[PDB]
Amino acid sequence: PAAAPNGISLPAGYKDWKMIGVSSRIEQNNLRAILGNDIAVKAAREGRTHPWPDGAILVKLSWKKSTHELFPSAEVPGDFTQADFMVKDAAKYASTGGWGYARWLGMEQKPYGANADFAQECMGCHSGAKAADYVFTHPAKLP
């Protein structure tokens, strides 16, 4: 697809990345998966998040919630809504907290944002997670 307005290209092969976590956002009626590239997954598992290392890429995949036709108390993914990315590069992206933000919308993978300054929107909320290097997600615990 086209690059984001800030020049970030869609990372190839994100659908094959390893899982960091999952979430449900009540207020938007979605389910999400949080994946990362191998730098991000190694950092997440080792607790090297203060700060995250350069080269880490986080992706959040979002779907509308639907209910399973055979088991109504199971909320399961419906339509795909968006892919959100954060790319760590402390020098390149110093103006947005050391992260390159990007979003692509829908199955059509339309880049989000009116202009190259769109990431200030993202920062508006993510600045609340400054103490955790602008990342809300806590990696899910596994054995």
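Numbers for residues come from their place in the sequence shown, where the first is 1.
In this entry, 5-13 shows the higher mean Cα temperature factor of the pair 5-13 and 119-127. As the entry records it, the average C-alpha temperature factor is higher for 71-79, out of 29-37 and 71-79. Of the candidates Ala91, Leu61, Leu58, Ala102, the PDB record gives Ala91 the highest C-alpha temperature factor. Among the modelled residues of the chain, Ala114 sits in the highest third by CA temperature factor in this PDB entry. In the deposited entry, the Cα temperature factor of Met107 places it in the highest third of its chain's modelled residues. For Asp84, the recorded CA B-factor ranks within the lowest third of the chain. Only modelled residues enter the ranking.
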